[PDB]
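Below is one structure, written out as structure tokens; comments come after it.
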Amino acid sequence: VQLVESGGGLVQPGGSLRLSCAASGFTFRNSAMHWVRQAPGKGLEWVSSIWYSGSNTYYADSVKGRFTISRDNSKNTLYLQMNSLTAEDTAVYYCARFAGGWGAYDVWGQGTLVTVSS
Amino acid sequence: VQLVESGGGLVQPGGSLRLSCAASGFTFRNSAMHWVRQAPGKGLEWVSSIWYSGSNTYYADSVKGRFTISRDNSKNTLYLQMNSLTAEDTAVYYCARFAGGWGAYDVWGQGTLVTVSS
Amino acid sequence: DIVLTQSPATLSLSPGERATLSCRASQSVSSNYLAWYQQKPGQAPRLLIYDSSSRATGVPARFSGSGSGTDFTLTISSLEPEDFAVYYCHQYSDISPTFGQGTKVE
Amino acid sequence: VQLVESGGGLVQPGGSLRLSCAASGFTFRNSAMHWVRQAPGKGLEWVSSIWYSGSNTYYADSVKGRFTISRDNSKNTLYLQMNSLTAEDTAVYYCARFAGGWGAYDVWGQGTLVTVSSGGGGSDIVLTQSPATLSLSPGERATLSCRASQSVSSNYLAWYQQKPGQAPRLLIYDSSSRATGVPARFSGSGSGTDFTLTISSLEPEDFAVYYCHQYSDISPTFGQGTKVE
Amino acid sequence: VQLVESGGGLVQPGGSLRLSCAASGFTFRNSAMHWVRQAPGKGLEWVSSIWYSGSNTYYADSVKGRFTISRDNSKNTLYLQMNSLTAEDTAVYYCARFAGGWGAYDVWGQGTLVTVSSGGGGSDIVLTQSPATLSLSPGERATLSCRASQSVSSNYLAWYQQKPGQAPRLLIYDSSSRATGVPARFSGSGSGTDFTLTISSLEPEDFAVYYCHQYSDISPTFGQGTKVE
Amino acid sequence: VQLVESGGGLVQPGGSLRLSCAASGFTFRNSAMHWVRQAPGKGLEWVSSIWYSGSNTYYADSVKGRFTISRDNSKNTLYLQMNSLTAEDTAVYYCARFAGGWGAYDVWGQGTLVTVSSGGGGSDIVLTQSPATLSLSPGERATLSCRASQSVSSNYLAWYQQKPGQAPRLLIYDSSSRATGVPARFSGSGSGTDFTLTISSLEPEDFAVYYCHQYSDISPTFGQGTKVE
Amino acid sequence: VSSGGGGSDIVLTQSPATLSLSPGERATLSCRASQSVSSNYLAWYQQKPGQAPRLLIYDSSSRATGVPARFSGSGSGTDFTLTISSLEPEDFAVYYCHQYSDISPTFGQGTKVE
Amino acid sequence: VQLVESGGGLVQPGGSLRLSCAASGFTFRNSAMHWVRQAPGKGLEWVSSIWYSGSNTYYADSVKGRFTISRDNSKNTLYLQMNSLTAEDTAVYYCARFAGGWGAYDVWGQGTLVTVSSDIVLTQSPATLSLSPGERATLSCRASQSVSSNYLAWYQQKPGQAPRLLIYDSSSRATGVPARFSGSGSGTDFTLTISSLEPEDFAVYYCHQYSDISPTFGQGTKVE
Amino acid sequence: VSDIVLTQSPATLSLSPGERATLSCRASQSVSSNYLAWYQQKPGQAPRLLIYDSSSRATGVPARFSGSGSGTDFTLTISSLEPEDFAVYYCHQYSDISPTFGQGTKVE
Amino acid sequence: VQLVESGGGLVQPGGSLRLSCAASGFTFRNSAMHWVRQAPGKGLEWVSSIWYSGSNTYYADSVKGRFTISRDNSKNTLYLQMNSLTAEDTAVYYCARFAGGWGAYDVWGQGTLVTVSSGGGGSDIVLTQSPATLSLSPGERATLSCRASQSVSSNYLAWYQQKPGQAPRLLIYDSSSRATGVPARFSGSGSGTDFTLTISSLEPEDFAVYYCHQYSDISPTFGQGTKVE
């Protein structure tokens with residue numbers, strides 16, 4: 001039961017980046033998956049969430065219109081497309097499985113640092 | 001490399017009986033030891049198992065709460081304490097060394113008949 | 001939008017002492033869907049308590065959560081050296097998840 | 001006078017990555033350019049160097065044969081091609097202009113983190129042995145501790161003895177099982193996260209390094225060892 | 001019951017090497033076989049695993065993508081193909097039979113040393129900084145030492161300041177030359193094998209890690225840093 | 001000025017191996033190049049020498065007829081071909097430039113370990129006789145002790161008497177059985193790990209060396225002897 | 001099994017085998033030869049654990065380049081000494097003498113300064 | 001050039017002791033002689049001075065009025081008379097020759113220990129709590145031994161004013177104390193909780209055990 | 001019931017033999033005539049004079065000890081540490097009526 | 001239940017001191033009372049014991065004949081009279097109530113320091129010999145070092161040889177003067193603080209302990225000796 005994250009790195013303002021999260025050990029097709037970020041020296045902050053087909057994907061106001069969350073259940077993979085990046089988007093980004101009443105964020109990715117600077 | 005069994009016999013319903021198994025020719029103190037029984041004319045049936053200190057002892061559902069497996073490593077002896085005996089406990093009881101991937105039940109006791117009748 | 005406020009921001013304690021951490025919500029947290037996480041430097045957060053009081057599998061008994069409505073508490077009965085970290089509370093009662101700003105136990 | 005770095009991120013072991021560093025404000029085409037890295041919680045370590053045409057490119061033994069430093073002087077850009085990545089390459093990588101007697105590393109890129117890992121957000125079972133050292137005499141008792149960060153299922157924990165220049169030797173497995181031919185003065189105990197190895201009365205042949213080892217999952221880990229002197 | 005290991009030796013970075021381990025005395029075809037390595041003066045570290053042909057081979061993140069474990073059950077032989085070698089692979093490698101609950105690593109090969117290096121019999125210039133830590137208050141003097149294992153030609157020694165999360169910043173080069181924009185309270189001195197960085201009156205912005213750096217040859221080395229708190 | 005070595009490793013007795021040494025920074029074609037080795041825990045020992053075309057190549061006595069030194073001046077490379085390897089050849093091997101009156105061995109390679117071994121143990125039954133020497137007079141009693149590291153199954157332990165220049169002669173077998181023709185003054189006793197040979201009244205012809213011998217497994221071992229003088 | 005009777009080499013005997021000294025003290029190491037070493041072709045080497053030997057002195061008394069002044073060799077014929085005037089922490093190692101006055105180079109068995 | 005000291009020992013508070021220091025190897029008649037003391041785990045501290053006579057003798061405020069420095073040049077001996085001793089005088093006392101610009105304290109006596117001396121330690125946690133009105137304050141008092149009868153009290157003290165009883169007998173809220181204050185615990189671990197802070201509740205809080213003849217207080221928690 | 005304060009830095013120094021120890025003494029007011037001394041104290045023993053008059057090294061004190069400074073900033077340097085030099089070091093001003101000491105720096 | 005100690009202090013060798021311990025809170029007149037001491041940086045050591053009337057008072061062998069334990073049950077006070085004091089008596093002395101099977105030393109006094117010294121110390125020139133041991137063979141060179149903490153005026157340093165059971169024998173005085181009848185193979189050298197004794201070629205009669213000795217002041221001191229075996 002793990003989430004294998006990939007992507008990130010150093011980009012310039014206005015650039016683009018896609019993060020990946022590959023799941024194993026559970027029926028990913030049924031889980032709600034979230035992205036959470038943490039700016040350097042600051043606290044945890046929810047970014048986006050996605051669930052079954054026919055349910056609403058949600059975004060934090062600070063990324064609405066710039067970030068796109070998606071999933072490929074055939075590959076057991078979660079994605080976050082990050083466009084129009086600015087210095088405030090600099091943070092460690094975590095993918096996490098949301099278990100609600102059965103464990104909240106009970107499985108986390110190891111996190112990848114995204115730095116936006118010129 | 002052998003297992004010397006003793007005990008058994010004819011007992012009344014509700015009675016008690018203790019079986020013994022004395023090992024030689026291998027490092028008994030480290031071995032997983034099982035009891036297996038075979039009712040007259042019927043097939044083999046696992047009864048109980050015991051292993052190293054720090055492992056769980058296991059019992060078949062049909063003997064849980066009535067039988068107690070134990071070992072005395074200083075004497076290289078395996079025991080089965082059989083309480084609350086019923087006519088269904090009538091069987092030939094075998095001790096056996098469990099080698100798992102290296103030979104399953106590769107060493108057997110010769111078996112002793114326990115008959116429960118009034 | 002439910003704001004979570006943790007207090008105090010910093011707790012300076014010695015091994016063996018008890019740490020009492022507080023999370024106070026601006027609104028009632030439906031179903032007491034509140035969780036606590038432990039984060040050590042350079043590592044991902046780790047679930048300690050969920051549903052306000054449920055201790056996750058593998059979490060030592062010295063961690064315990066309590067409270068309801070708007071007042072929640074995380075208690076560490078006897079601090080071990082590995083317990084000094086930052087602790088976040090987290091409400092998942094609505095569609096806009098929010099976190100506390102953390103309490104650093106040092 | 002600037003170096004604008006880009007690239008990095010989280011990559012699987014054996015994967016590939018390319019770092020870039022764009023220069024401005026100086027005659028880049030003539031400058032000696034280096035890459036320097038810094039593992040998490042470690043010091044600075046030189047990686048590679050490139051200079052004028054007519055000079056050799058240089059690599060550290062850590063990366064020679066897998067990494068390629070290059071430059072495109074028409075775009076004032078420095079490159080580092082990172083192939084066959086391994087967990088030991090995890091570090092923050094800096095591009096830097098080398099001025100030698102005129103400033104050493106006087107201009108640095110801001111640095112980008114490269115993490116090479118296949119694991120999830122969970123950690124392996126970490127084994128901590130204590131004490132690091134025990135000074136005892138023949139005949140005395142040695143008590144060694146192994147504590148796990150998580151519970152070791154089935155108490156699948158082993159103890160090994162290693163003497164200088166020799167392979168490790170199995171002493172205890174399954175937390176308490178003494179291997180064949182091991183003297184009875186060795187005994188193990190404990191369960192879950194707290195394990196102990198006891199040598200009842202030390203003999204002169206018992207002075208060695210002792211390791212604990214958990215094999216309760218697919219990621220085997222060892223303690224860092226206790227030296228008995 | 002024996003594992004006869006062979007192979008290893010001294011090889012160039014990026015080179016290739018194959019290790020072999022020939023078994024006797026047990027049913028090799030059924031046994032899970034592992035490789036374990038031990039860096040010089042370090043602890044045991046698991047490398048790879050192989051089992052029956054209905055299971056998956058496993059690798060540590062340190063070697064995954066470069067090493068290949070394999071077996072030929074008709075010759076009772078275990079193999080480790082080591083490609084794209086790096087100085088981080090330098091260690092004694094052990095083959096070992098894994099018995100799980102029936103003996104953990106109960107049989108070990110004797111081990112073979114693999115050293116990955118391109119250097120000669122001489123050592124790089126080693127810089128030792130002291131003290132490791134200095135706890136001071138604003139207004140006080142900080143005196144930092146850098147001692148080299150060999151004389152630093154031309155006094156080509158530099159000092160850097162690094163704050164958390166930031167790239168290093170040049171303070172002093174050529175042992176005593178203060179870089180552009182550096183306050184006069186920073187000053188370096190010394191020659192040959194003894195160098196000093198002095199901060200005359202500490203300010204709160206001076207609390208950081210400080211590194212010395214020698215660039216007097218083709219193999220650049222850094223000190224391990226002094227943290228000023 | 002450097003010598004970059006490569007090769008070595010772990011091989012079985014009777015095997016073959018070739019070491020290499022690539023030079024740079026000096027006129028290799030005119031240099032006298034040697035090989036020097038050092039067994040673990042022992043000192044330095046010269047092995048072989050090669051020089052200009054028109055000079056003799058030299059070898060240590062022990063390696064003559066087994067090792068071959070050679071050079072390829074076009075590639076600035078020195079070689080050592082090692083054949084008929086035995087355990088006595090286990091050593092770290094160094095290439096070195098010989099400067100004579102201008103520096104002796106002034107340049108060394110970093111060395112590569114060569115280990116010749118058919119196994120890793122070691123786990124034989126070790127017999128320890130005591131005392132090593134017994135000075136006694138005729139008519140006195142000699143009590144000789146033989147202690148085994150593990151239990152000798154079936155008490156399969158024999159005692160032999162050997163006089164200078166003669167083959168050993170069976171005295172006792174099965175721990176206590178006197179061989180036919182052995183005088184009654186000899187007697188063996190003991191079991192498990194503790195065995196004794198007793199000569200009740202020493203005759204002048206009884207002064208010799210006495211060995212114990214366990215034959216309880218496939219690896220027969222002897223004690224190192226007790227000299228009754 | 002033998003490739004020749006001897007074995008008629010120059011034997012170097014170092015003394016003492018072990019020296020237990022504190023930093024700041026002087027280490028006086030002796031190397032005696034069974035025969036006279038022609039041209040005083042005798043060298044000294046320092047070897048630390050896991051490292052290649054390092055030339056200190058050659059021609060009995062000449063310091064190699066980079067060798068500090070606290071190392072000094074002397075002697076002639078059959079009696080040679082190496083002296084480390086003020087021991088630094090980095091000076092504790094094993095020291096070997098070496099004669100190269102013939103076609104059969106020989107070493108001493110070393111002196112461990114600890 | 002010696003200074004041979006003698007005296008000291010263990011005495012009850014308010015008692016008396018005399019220290020002496022016998023000099024040899026120098027012209028004691030002309031030398032400035034000082035006394036210096038060092039409390040356990042503390043620094044060096046000057047005590048007294050004597051000179052030619054000429055004798056403006058000097059004392060530190062810690063000892064002036066109770067100690068007497070004197071000298072008898074005919075016996076090359078320095079004296080220090082210690083009267084009305086208190087636990088805070090416990091220290092190692094050194095005699096020393098003062099050479100000023102030609103050696104400062106260049107000769108020291110060996111020093112002698114003077115100890116004036118003869119329970120239950122309370123440890124409060126945390127030392128500091130920074131909170132806002134409406135928030136929760138949780139205070140801990142950890143005793144080195146079990147407090148019999150749960151005889152533990154809590155007091156609040158605002159700056160410049162006397163302490164005020166909040167809780168006694170571990171759980172009893174004092175008369176006039178608002179219900180937002182609450183105590184609990186037994187044996188060695190006690191807790192004071194202020195459920196929702198008011199701006200007047202920011203003060204220092206002390207725990208107090210009165211279960212024996214030697215009453216002790218915690219070292220206080222500052223709530224700011 | 002009822003001067004010049006000396007502050008030493010750092011409070012603690014962890015070093016190895018052969019390394020340099022640099023000690024600081026900072027006075028709240030100028031020390032007239034540079035009447036400042038340094039003492040070495042080993043556990044359980046009386047203090048030992050190292051340097052006085054800010055820079056004057058006492059008789060029998062090894063040359064590896066050296067003092068410097070004037071006015072309000074004084075420094076003691078131990079150039080190459082030996083294991084017997086690990087002790088607590090005090091600075092001391094004797095330029096007035098009320099002599100004062102620093103609180104000491106532990107060199108371990 | 002309390003024990004109030006008083007007394008102690010700094011005394012000269014051969015002097016006298018009395019310690020007292022006043023008890024309260026228990027039936028003192030019935031209790032066995034002991035004295036226990038602890039030398040600086042050392043462990044606890046029992047000194048004396050006293051009990052009811054009709055029982056023997058007991059002393060440790062070091063103090064038997066010098067110390068007297070007594071008690072006055074009318075004042076609930078325990079006393080220890082300490083005569084013939086020597087620097088080995090320097091310790092913290094504790095009174096303690098002995099409860100045996102009902103609490104051992106369950107009540108302790110606070111302890112008082114007794115220091116017995118004549119004014120040390122000191123100005124003595126410390127001589128350090130190195131090495132402590134030299135293992136050599138006949139015919140080899142022995143080089144012995146003597147280092148002084150301060151300069152030895154006039155080079156008044158001597159060397160003595162001592163064989164087991166015999167008085168020391170003068171070898172060298174005035175640093176370099178070989179005494180009459182001493183073989184020329186002995187020679188001394190050095191000045192100031194650095195002195196050396198050289199035995200050019202050891203003879204079998206030269207294996208002994210060697211001491212250096214400075215007589216340049218009123219407090220003569222010896223080195224601790226170098227054994228040549």
Side-chain angles (χ1 to χ4, degrees), chain D residues 163-166, chain E residues 8-10 40 92 110-113 115 121, chain F residues 5 7-11 13 17 19 34-49 59-64 66-67 80 82 84-96 104-105 108-118 120 122, chain G residues 1-3 6-7 9-19 29-34 42-56 82 92-100 104-114, chain J residues 135-137 140:
Chain D
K163 301 181 183 185
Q166 308 180 14
Chain E
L10 179 56
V92 172
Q110 83 178 74
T112 181
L113 175 64
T115 303
Chain F
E5 256 180 282
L10 174 58
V11 292
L17 219 56
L19 311 180
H34 297 195
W35 288 97
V36 176
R37 75 184 184 183
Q38 183 180 30
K42 295 183 175 63
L44 300 175
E45 173 206 351
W46 172 78
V47 172
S48 191
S49 296
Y59 298 92
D61 272 345
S62 48
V63 311
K64 210 169 300 183
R66 303 189 299 119
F67 291 5
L80 181 63
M82 303 167 60
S84 301
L85 296 174
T86 61
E88 81 176 38
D89 295 318
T90 298
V92 172
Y93 286 76
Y94 301 98
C95 55
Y105 294 134
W108 295 71
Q110 69 174 100
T112 181
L113 171 63
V114 172
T115 303
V116 185
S117 182
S118 57
Chain G
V1 185
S2 182
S3 56
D9 309 322
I10 299 182
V11 176
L12 300 183
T13 301
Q14 296 190 235
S15 295
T18 300
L19 277 179
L29 291 70
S30 183
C31 179
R32 296 293 174 82
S34 61
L42 188 111
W44 292 87
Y45 304 88
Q46 177 194 70
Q47 188 176 35
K48 298 184 159 194
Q51 303 178 20
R54 162 200 175 193
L55 178 71
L56 300 175
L82 175 72
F92 294 91
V94 182
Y95 296 85
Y96 296 96
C97 58
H98 160 224
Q99 70 88 21
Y100 47 102
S104 294
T106 55
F107 292 89
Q109 284 316 107
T111 288
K112 186 192 213 289
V113 177
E114 57 183 9
Chain J
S135 294
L136 298 168
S137 307
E140 295 175 347

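Per chain, numbering begins at 1; letters A, B, ... match sequence-line order.
Here the CG-OH distance, from F:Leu44 to G:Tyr45, works out to 8.5 Å after rounding to the nearest 0.5 Å. To the nearest 0.5 angstrom, G:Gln47 atom CD is 11.5 Å from G:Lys112 atom NZ. Once rounded to the nearest 0.5 Å, the distance linking CD of G:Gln14 with OG1 of G:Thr111 reads 4.5 Å.
Across all their heavy atoms, G:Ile10 and G:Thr106 have their closest contact at O-OG1, 2.7 Å. Counting all heavy atoms, side chain and backbone alike, F:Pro13 lies closest to F:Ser117 at CD-C, 3.6 Å. The heavy-atom pair separating E:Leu10 from F:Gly111 by the smallest distance is CD2-O, 3.8 Å. When every heavy atom of G:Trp44 is checked against every heavy atom of G:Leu29, the shortest pair comes out as CH2-O, 4.0 Å. Nearest heavy atoms, F:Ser49 versus F:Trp46: OG-NE1, 2.9 Å. Smallest separation of non-hydrogen atoms from F:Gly9 and F:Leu17: N-CD2, 4.1 Å.
In this structure, the side chains of G:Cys97 and G:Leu82 stay at 4.5 Å or more apart for every pair of heavy atoms. Side-chain contact between G:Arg32 and G:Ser15 is absent, with no heavy-atom pair separated by less than 4.5 Å. A heavy-atom distance below 4.5 Å is not found between the side chains of F:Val63 and F:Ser48. Side-chain contact between F:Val114 and F:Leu19: present, with at least one pair of heavy atoms (C-beta onward) separated by less than 4.5 Å. Side-chain contact between F:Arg66 and F:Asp89 is present, with at least one heavy-atom pair separated by less than 4.5 Å. Inter-residue side-chain proximity for F:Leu85 and F:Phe67 is flagged as met; some heavy-atom pair is nearer than 4.5 Å. Between E:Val92 and E:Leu113, the closest side-chain pair of non-hydrogen atoms falls below 4.5 Å. When side chains are defined from C-beta on, G:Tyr96 counts as touching F:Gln38, because their heavy atoms get closer than 4.5 Å.
F:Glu45 contributes no side-chain N or O that, together with a main-chain N or O of F:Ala39, makes up a donor-acceptor pair within less than 3.5 Å. Here the side chain of G:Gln99 pairs a donor or acceptor atom with the backbone of G:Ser104 at under 3.5 angstrom. Side-chain N or O atoms of G:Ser3 include one that pairs as donor or acceptor with a backbone N or O of F:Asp61 at under 3.5 Å.
Applying the 6.0 Å contact sphere to NZ of F:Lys64 captures more than 12 heavy atoms from other residues, nucleotides or ligands.
For the 3.5 Å distance criterion, the side chains of G:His98 and F:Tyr105 fail to qualify, holding no donor opposite an acceptor.
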Exercise. Show your reasoning for whether side-chain hydrogen bond (donor to acceptor under 3.5 Å, both in side chains) applies to F:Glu5 and F:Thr112.
Key: CA-CA 7 Å; F:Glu5 256 180 282; F:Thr112 181; 5.7 Å; no
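Aromatic ring pairs are classed by plane angle as parallel below 30°, tilted from 30° to 60° and perpendicular above 60°; the pair F:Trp108 and F:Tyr94 is perpendicular.
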